[PDB]
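Residue-level listing of the chains:
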Amino acid sequence: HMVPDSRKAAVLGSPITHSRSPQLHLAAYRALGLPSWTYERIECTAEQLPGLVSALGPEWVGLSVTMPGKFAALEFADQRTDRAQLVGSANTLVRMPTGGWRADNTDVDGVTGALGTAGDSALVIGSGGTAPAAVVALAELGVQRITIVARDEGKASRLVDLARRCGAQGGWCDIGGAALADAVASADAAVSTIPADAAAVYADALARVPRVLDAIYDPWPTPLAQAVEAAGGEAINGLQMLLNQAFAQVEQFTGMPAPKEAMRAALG
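Rules and cut-offs
Residues numbered from 1 in each chain as written, not as in the entry; some residues may be left out. Heavy atoms only, no water. Residues with missing side-chain atoms left out of burial classes, pairs and counts. Salt bridge = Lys/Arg side-chain N within 4 Å of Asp/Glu carboxyl O. Helix = DSSP H or I, 4+ residues; strand = E, 2+ residues; numbered from the N terminus. Buried < 20%, exposed > 50% of the residue type's maximum accessible area, 1.4 Å probe, protein only. Pairing = 2+ DSSP bridges. Contact = heavy atoms within 4.5 Å. Axes fitted to C-alpha atoms, helices over the stretch in contact; angles between N-to-C directions. UniProt positions renumbered as here; feature names shortened; annotations may be inferred. Domains from an automatic or database assignment. Buried area = accessible area lost by both parts, 1.4 Å probe.

A. Molecular detail of the pattern of salt bridges. Considering all chains together, one arrives at five salt bridges under this definition. Put simply, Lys70 and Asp107 hold a salt bridge, and the shortest N to O gap is 2.8 Å. Of the two residues, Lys70 sits in helix α3 (residues 70-76) while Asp107 sits in helix α5 (residues 107-115), which places them 37 residues apart along the sequence. Summarising the burial analysis for this pair, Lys70 and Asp107 share the class buried.

See the structure below:
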């Protein structure tokens, strides 16, 4: 009954059925020659997360964390990356060689990896819970200006503040207002964080942004993507954010380069 040792990982959150993390990680571990590592789903509230992680034994190598637990994960960890602190939340907990848990935010990699570059002037469409990672990612892509295109000036102002704390210029553009055309005319890229049916209202107005990362991937192409493509631009969907989020977790958990083709085969 001599067998190789193995490690345990999981995704924590609630609801926990939509996450693709188990699929992408098991596809990676099998490609990396670690077929006995396990990756489970654990339903977990923000309030439950610290007690849950605190009790895990040394065989637990890493956790992915999704809503509603990302703030709690950052607070729980005894070490955190600078970019997780800057985003203000963590979607990743990695066991350290000598026992601690390190928090990171690879949602940032989702956007930097999916987009590649965002040029000099980038838009974030929306002001909801995924917008902070988009802002920090755009700043990490070296954009000079981040414009928050959203309806709620209050939620937008907090993202403008974050853009500036990241070193970029920032400002707000009312999605429903007269200033949108000028924001689009000078934009090099956009990240759209809102649902497809909400973005469809503004698809023609956003069509001229040359490169658009749409967080939505089902159905595809979205109305937004269709307009961008009809205008000669490039539309990228949210599966590429999920892919690039996962690359970084797999590398941190296994210490091996991400098996990218194997993970692409599991993407959907």
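B. Layout of the sheet that holds strand β4 (residues 79-80). Within the open sheet, the six strands sit side by side as β2-β1-β3-β5-β6-β4. Their pairing is mixed. Of all strands in the sheet, those with a lone pairing partner are β2 (38-43) and β4, marking the two edges. Bridging between strand β1 (residues 8-13) and β2 involves six bridges; their strand directions are parallel. Bridge pairing in β2 links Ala9 to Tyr39. Contacts from helix α1 (residues 21-31) reach β1, β2 and β3 (60-65), with the element oriented near 170° to β2.

C. Seen up close, the UniProt feature "domain: SDH C-terminal" (unreviewed entry) in the chain. Feature annotation in UniProt assigns "domain: SDH C-terminal" (unreviewed entry) to the following positions: residues 238-267. Between the end C-alpha atoms of residues 238-267 there is a gap of 11 Å, over a span that is 73% helix and 0% strand.

D. Local environment of the environment of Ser21. One can find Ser21 in helix α1. A residue is classified by how much of its surface remains accessible, and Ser21, at 17% relative accessible area, is buried. When neighbours within four sequence positions are excluded, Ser21 is seen to be in contact with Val11, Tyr39, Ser64 and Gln249.

E. Representation of the sheet that holds strand β12 (residues 234-236). Overall, parallel pairing links the six strands, which are arranged β9-β8-β7-β10-β11-β12 in an open sheet. Edge positions in the sheet fall to β9 (169-174) and β12, since each of these pairs with one other strand and no more. Ignoring which end each strand starts from, the neighbouring axes of this sheet average 20° apart. In this structure, strand β8 (residues 145-150) lies alongside β9, joined through six bridges in parallel fashion. Residue pairing in the sheet places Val149 in a bridge with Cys173 of β9. Strands in contact with helix α11 (residues 223-230) are β10 (189-192), β11 (211-214) and β12; relative to β12, the strand with the most contacts, it is inclined by about 155°.

F. Quick peek at α1. Among the 11 residues that make up α1, eight are buried, leaving the element largely enclosed by the rest of the structure. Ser21, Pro22, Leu24, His25, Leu26, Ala27, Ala28 and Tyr29 are the residues of α1 that are buried. In this fold, the buried residues of α1 make contact with β1, β2, β3, α12 (239-254) and α13 (260-265).

G. Focus on the domain arrangement of the chain. The domain boundaries assigned to the chain delineate domain 1 (1-106 + 246-268) and domain 2 (107-245). For domain 1 versus domain 2, the separation of C-alpha centres amounts to 27 Å. On the domain 2 side, the residues contacting the 18 residues of domain 1 number 17 residues. Interface of domain 1 and domain 2: buried area, both sides summed, is about 1,400 Å²; carbon and sulfur atoms make up 57% of it.

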